[PDB]
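**Student:** Dropping a structure here in structure tokens format, bear with me for questions.
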Amino acid sequence: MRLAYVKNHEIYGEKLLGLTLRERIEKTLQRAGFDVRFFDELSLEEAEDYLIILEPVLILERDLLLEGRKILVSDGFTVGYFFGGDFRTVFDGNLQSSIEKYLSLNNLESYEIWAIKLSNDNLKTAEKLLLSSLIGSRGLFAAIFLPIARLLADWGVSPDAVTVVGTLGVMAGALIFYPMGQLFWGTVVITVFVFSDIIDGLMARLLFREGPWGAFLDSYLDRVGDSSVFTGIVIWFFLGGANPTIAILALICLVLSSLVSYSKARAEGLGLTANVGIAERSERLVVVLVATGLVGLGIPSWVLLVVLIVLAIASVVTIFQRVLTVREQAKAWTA
Ligand SMILES: [Mg+2]
């Protein structure tokens, strides 16, 4: 069990991007596996790791990995100390005194982390920094949605609301516009609300909701979305689209799509893993949407037929890949 003592301060009560700074440092340290104690005066408990934070600080680093004793610094600032179990034999009940004694006893180097010291003046800056920490190599497409995430975070909008709203948007394009025969506009509707995923991802990262529920809902609503897309196609071409062979191929892809998702979900239930295959959910989505949009613009429908065939075949080999690897894992685990 790991313990982290952070000293109480006046600025921790301020709210930044939907949480308090107090809540932000607490949740950050919890994700690093520390149980957090806020203290006006330190009372030490028996434990393994001891993390002492004094100055008010916003930690911008995503994964904080603490291995071995060291001093935590960011750009010249000393944000906090990491002491081992030995500090239990030093600390006599006075804070500053016990720290300098332990510093005289042990020579520890300084490890660099991404963090900013809180001041009343630089709050705007911190906010700017925190938003940029959310991108994490995802690229320009992630960055352009940062003002929307900022807006939604300030308004008290939950990431689940964004996810649900995004899914209702996809369903509206797929189950309304497609059966009407509007393939182009249905597709731009689907396309617009598909990026809501990048928004909830930013928010889930910003608002600290990474939990099993969040993951569950994202997986589930993604399934609802993809199924709706094929459903609309199937319906439209069996009726007003007047193309049964395209409708049959679309229906086959729907089923094949479900089977590709269910293999992986079911494997994980068994403790195994099945993240493999040529066909990936977003990639499958993209080619279908592009073709359907094109057909909605007057392109010959055989373009969609070809794409559905290729997608059927790609789904089949993907299923084979997943089923094969879970078999290797299962048979190896029993022996
Ligand atoms: Mg998703």
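By order of appearance in the structure tokens: chains A, B, ..., then residues from 1 within every chain, and ligands from 1 in the order shown.
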Select from chain A every residue with an atom at most 7 Å from any atom of ligand 1, then for each give the shortest pair of atoms and their distance in Å to one decimal, using only C-alpha atoms and all ligand atoms, rows by chain and rising number, as CSV.
**Tutor:**
residue,atom,partner,partner_atom_place_in_ligand_line,distance
A:197,CA,ligand 1,1 (Mg),5.5
A:218,CA,ligand 1,1 (Mg),4.8
A:219,CA,ligand 1,1 (Mg),6.1
A:222,CA,ligand 1,1 (Mg),5.6
**Student:** Restricting the output to N, CA, C and O atoms, write the selected residues as a short mmCIF file (atom, residue, chain, number, x, y, z; two decimals), in the first residue's frame.
**Tutor:**
data_model
loop_
_atom_site.label_atom_id
_atom_site.label_comp_id
_atom_site.auth_asym_id
_atom_site.auth_seq_id
_atom_site.Cartn_x
_atom_site.Cartn_y
_atom_site.Cartn_z
N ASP A 197 -16.64 10.99 -30.83
CA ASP A 197 -15.74 10.07 -30.14
C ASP A 197 -14.45 10.79 -29.73
O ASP A 197 -13.91 10.53 -28.66
N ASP A 218 -18.69 3.09 -24.18
CA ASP A 218 -17.99 3.29 -25.45
C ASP A 218 -18.06 2.07 -26.37
O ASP A 218 -18.41 2.20 -27.54
N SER A 219 -17.72 0.88 -25.86
CA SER A 219 -17.85 -0.35 -26.65
C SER A 219 -19.28 -0.59 -27.10
O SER A 219 -19.53 -0.89 -28.27
N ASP A 222 -20.79 1.92 -29.58
CA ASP A 222 -20.09 1.78 -30.86
C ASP A 222 -20.76 0.67 -31.65
O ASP A 222 -20.97 0.82 -32.87
#
**Student:** Quick one: residues within 12 Å of segment 154-156 of chain A, only C-alpha atoms, excluding same-chain residues fewer than 6 positions away - as a list in words?
**Tutor:**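 Final neighbour list, sorted by chain and number: residues 15, 16, 17, 18, 19, 20, 127, 147, 148, 162, 203, 206 and 207 of chain A.
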**Student:** Give me, as a ChimeraX atom specification, all polymer residues having an atom no more than 8 Å from segment 131-134 of chain A, counting only C-alpha atoms and skipping those fewer than 2 positions away in the same chain.
**Tutor:** /A:60-62,127-129,136,143,146,150,202,205-206
**Student:** Would you put the residues from that selection into a file with N, CA and C atoms, as an mmCIF file, in the first residue's frame?
**Tutor:**
data_model
loop_
_atom_site.group_PDB
_atom_site.id
_atom_site.type_symbol
_atom_site.label_atom_id
_atom_site.label_comp_id
_atom_site.auth_asym_id
_atom_site.auth_seq_id
_atom_site.Cartn_x
_atom_site.Cartn_y
_atom_site.Cartn_z
ATOM 1 N N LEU A 60 0.830 17.637 -14.799
ATOM 2 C CA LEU A 60 0.300 17.461 -16.140
ATOM 3 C C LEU A 60 0.677 16.128 -16.750
ATOM 4 N N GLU A 61 1.573 15.396 -16.104
ATOM 5 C CA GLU A 61 2.023 14.130 -16.664
ATOM 6 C C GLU A 61 0.970 13.052 -16.528
ATOM 7 N N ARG A 62 0.738 12.316 -17.612
ATOM 8 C CA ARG A 62 -0.329 11.320 -17.654
ATOM 9 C C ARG A 62 0.002 10.115 -16.783
ATOM 10 N N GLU A 127 -4.522 26.165 -17.232
ATOM 11 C CA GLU A 127 -5.653 25.724 -18.031
ATOM 12 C C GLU A 127 -5.202 25.410 -19.466
ATOM 13 N N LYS A 128 -4.491 26.363 -20.086
ATOM 14 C CA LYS A 128 -3.928 26.179 -21.435
ATOM 15 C C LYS A 128 -3.074 24.903 -21.503
ATOM 16 N N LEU A 129 -2.128 24.780 -20.579
ATOM 17 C CA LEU A 129 -1.261 23.603 -20.474
ATOM 18 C C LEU A 129 -2.018 22.288 -20.319
ATOM 19 N N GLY A 136 -1.716 14.103 -26.519
ATOM 20 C CA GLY A 136 -0.954 12.874 -26.406
ATOM 21 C C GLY A 136 -0.675 12.181 -27.729
ATOM 22 N N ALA A 143 -6.415 18.101 -31.545
ATOM 23 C CA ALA A 143 -6.171 19.462 -31.058
ATOM 24 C C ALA A 143 -7.264 20.454 -31.449
ATOM 25 N N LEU A 146 -10.176 20.693 -29.008
ATOM 26 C CA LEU A 146 -9.921 21.136 -27.638
ATOM 27 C C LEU A 146 -10.828 22.275 -27.139
ATOM 28 N N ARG A 150 -13.210 22.022 -23.865
ATOM 29 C CA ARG A 150 -13.097 23.046 -22.829
ATOM 30 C C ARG A 150 -14.468 23.611 -22.488
ATOM 31 N N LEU A 202 -11.273 13.125 -25.286
ATOM 32 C CA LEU A 202 -10.639 14.289 -24.668
ATOM 33 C C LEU A 202 -11.226 14.557 -23.288
ATOM 34 N N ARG A 205 -10.446 11.981 -20.594
ATOM 35 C CA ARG A 205 -9.075 12.183 -20.147
ATOM 36 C C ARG A 205 -8.983 13.403 -19.213
ATOM 37 N N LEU A 206 -9.756 14.430 -19.544
ATOM 38 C CA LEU A 206 -9.758 15.683 -18.808
ATOM 39 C C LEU A 206 -10.487 15.571 -17.474
#
**Student:** Name the residues in contact with segment 237-253 of chain A at a cut-off of 9 Å, using only C-alpha atoms, excluding same-chain residues fewer than 5 positions from it; report them as an MDAnalysis selection string.
**Tutor:** chainID A and resid 179:181 230:232 258 301:302 304:305 308:309 311:312 315
**Student:** Find the distance between atom CA of residue 188 of chain A and atom CA of residue 233 of chain A and write it in Å to one decimal.
**Tutor:**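 Separating atom CA of residue 188 of chain A from atom CA of residue 233 of chain A is a distance of 14.6 Å.
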**Student:** Write out as JSON, numbers by chain which residues come within 8 Å of residue 108 of chain A when counting only C-alpha atoms, dropping same-chain ones fewer than 6 positions away.
**Tutor:** {"A": [69, 70, 71]}
